[PDB]
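Notes to accompany the following structure.
Protein chains in written order, with the entry's author numbering: chain A, 2 to 81; chain A', 2 to 81. A prime marks a further copy of an entry chain.
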């Protein structure tokens with residue numbers, strides 16, 4: 002039901018707000034438009050692997066942890 | 002270093018060959034070209050969330066397990 006990009010987006014949004022960073026700051030660092038980042042966080046735009054890595058780098062979060070956290074969230078959704 | 006789509010692709014390829022299925026059988030079930038599926042498995046094409054879900058369904062593998070396994074693999078790559 003829930004799509005990869007929605008569960009990934011929530012993980013990315015939580016990683017950003019857990020450092021009090023704005024869409025502007027992360028999008029500047031990742032070299033993407035603010036509106037594109039917002040839509041990725043809301044699960045309405047697919048982020049390329051290259052952009053995902055750029056966002057993880059801007060947030061100092063390992064992509065491994067993004068994937069594991071997304072999998073745990075997706076397992077919760079499947080279980081509900 | 003390693004891109005999300007390369008680690009995801011290996012997980013998808015392993016899920017397919019662990020059931021002895023061909024690219025043709027999974028691509029027919031997922032309604033994508035054989036060449037597109039092959040390139041997704043090799044990590045050279047990004048799979049949309051919709052196509053990823055269609056591949057997981059064709060393989061009876063939960064997307065949660067694909068994400069967790071990809072995260073464990075990516076953690077190995079980061080650790081090396």
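All residues carry an ideal CB built from backbone N, CA and C; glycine is no exception.
Against chain A, with Cβ distances strictly below 7 Å, would residue i count as a contact?
| i | result |
| --- | --- |
| residue 28 of chain A' | no |
Got a sec, what are the start and stop residues for the alpha helix (DSSP H) residue i sits in?
| i | result |
| --- | --- |
| residue 12 of chain A' | 5 to 18 |
| residue 143 of chain A' | Past the edges of chain A', shown from 2 to 81, lies residue 143 of chain A', and the structure says nothing about it. |
| residue 82 of chain A' | In the structure displayed, chain A' extends from 2 to 81; residue 82 of chain A' sits before or after that span and is not available. |
| residue 81 of chain A' | It is not in any alpha helix (DSSP H) - residue 81 of chain A' carries neither H nor E in the DSSP assignment. |
| residue 29 of chain A | 24 to 31 |
With residue i and residue j assumed to form a contact (beta carbons below 8 Å), what rounded beta-carbon distance in angstroms separates them?
| i | j | result |
| --- | --- | --- |
| residue 5 of chain A' | residue 53 of chain A | 5 Å |
| residue 47 of chain A' | residue 47 of chain A | 7 Å |
| residue 65 of chain A' | residue 79 of chain A | 6 Å |
| residue 55 of chain A' | residue 31 of chain A' | 4 Å |
| residue 38 of chain A' | residue 24 of chain A' | 5 Å |
Within 7 Å (strictly less), CB to CB, does residue i reach chain A'?
| i | result |
| --- | --- |
| residue 60 of chain A | no |
Item to complete: Anything in the stretch 38 to 51 of chain A' with a Cβ closer than 9 Å to a Cβ of chain A? List those residues in chain order, please.
Response: Along the stretch 38 to 51 of chain A', the positions whose C-beta sits under 9 Å from a C-beta of chain A are 44, 47, 48, 49, 50, 51, read in chain order.
Practice prompt. Select from the stretch 63 to 77 of chain A' all residues with a C-beta closer than 9 Å to any C-beta belonging to chain A, and list them in chain order.
Written response: For the stretch 63 to 77 of chain A', which is checked against every Cβ of chain A, the residues closer than 9 Å are 63, 64, 65, 66, 67, 68, 69, 70, 71, 72, 73, 74, 75, 76, 77.
Worksheet item: Three or more beta-carbon pairs under 8 Å between the stretch 8 to 22 of chain A' and the stretch 63 to 77 of chain A', yes or no?
Response: Yes: the two stretches touch, three or more of their Cβ pairs being nearer than 8 Å.
Item to complete: Name, going along the chain, the residues of the stretch 6 to 35 of chain A whose beta-carbon falls closer than 9 Å to a beta-carbon of chain A'.
Response: Going along the stretch 6 to 35 of chain A in chain order, one finds 6, 7, 8, 9 with a Cβ nearer than 9 Å to chain A'.
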